[PDB]
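As a starting point, one isolated chain is supplied in structure tokens, in the form deposited in one PDB entry.
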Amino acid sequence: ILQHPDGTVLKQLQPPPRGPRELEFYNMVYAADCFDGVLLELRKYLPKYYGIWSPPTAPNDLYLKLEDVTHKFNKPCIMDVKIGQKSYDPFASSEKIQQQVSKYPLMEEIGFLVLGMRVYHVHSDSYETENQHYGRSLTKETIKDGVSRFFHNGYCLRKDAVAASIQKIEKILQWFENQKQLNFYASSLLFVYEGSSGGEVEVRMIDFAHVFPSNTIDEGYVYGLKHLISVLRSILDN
């Protein structure tokens, strides 16, 4: 993900079929002639999309030009959380389903997975980062404390950012409770708050290489959001 100074990032398309599917998702949602109310409302929760991009001398090399959701922050604290009970799509082979469930076998039980975090610590004027193995190590016994770490700045728990995150997730949940036309697999929520207020908190949906047409509620995604809200809610009692 290449960061441009003008507040928009360039996300390289994943290899096929994943990159192409993510391009068609953004194109569908941000279609200039779209008047589907479900899709127009969905735009509120995604990074703004500026179209396909490639370097002038390299039309082979495909990127999505997207809003940098951290741009308005001075010391952004960033957490990426995968949502859903299944991290594989409805058309995966048995081998791939097994590979995806083995990556984190608690996905069905918990409904979400912390992919990484970058947290600003006030006393040291520095960041502490957690990679993919942090969230994959969390169980039902340790998910609450695992999530809490994102909101602890070295001297206090940022309950303002926790409460704001609940309020922003709730609008996303309401969108999912009022649509029956898309199911989202291996998609995420990007959380951002100000490390240096309630407070600039940004919560945005990202990662759309496995979004499919459907006739039903995305039950796995709803389950994940609800459980994530419940965990964040319990953190307010710390």
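Heads up: residue numbers just count along the shown sequence, starting at 1. Each form is matched to the other, and the largest set of C-alpha atoms that superpose within 1.5 Å is called the rigid core.
Omitted here: the form deposited in another entry. The next part is about that form.
Peer 1: Which one of 162, 119, 147, 113 is the only residue whose C-alpha moves by 2 Å or more between the shown form and the other one, after superposing on the core?
Peer 2: Of all the options, the C-alpha that shifts by at least 2 Å belongs to 162.
Peer 1: Comparing between the shown form and the other one on the rigid core, is the C-alpha shift at residue 43 2 Å or larger?
Peer 2: No, the C-alpha moves less than 2 Å.
Peer 1: Superposing on the rigid core, I want to see if residue 175 changes position between the shown form and the other one - specifically a Cα shift of 2 Å or more.
Peer 2: Yes, residue 175 moves 2 Å or more.
Peer 1: Core-aligned, is the CA shift for residue 213 between the shown form and the other one 2 angstroms or more?
Peer 2: Superposed on the core, residue 213 moves its C-alpha less than 2 Å between the shown form and the other one.
Peer 1: I want to verify one pair: residue 173 and residue 45. Are their C-alpha atoms nearer or more distant in the other entry compared with the form I supplied, knowing the change is 3 Å or more?
Peer 2: Note: Cα gap between residue 173 and residue 45 shrinks in the other entry.
Peer 1: So the C-alpha spacing of residue 165 and residue 135 changes by 3 Å or more in the other entry; is that change toward closer or farther than shown?
Peer 2: Relative to the displayed form, residue 165 and residue 135 move farther apart in the other entry - a change of at least 3 Å between their C-alphas.
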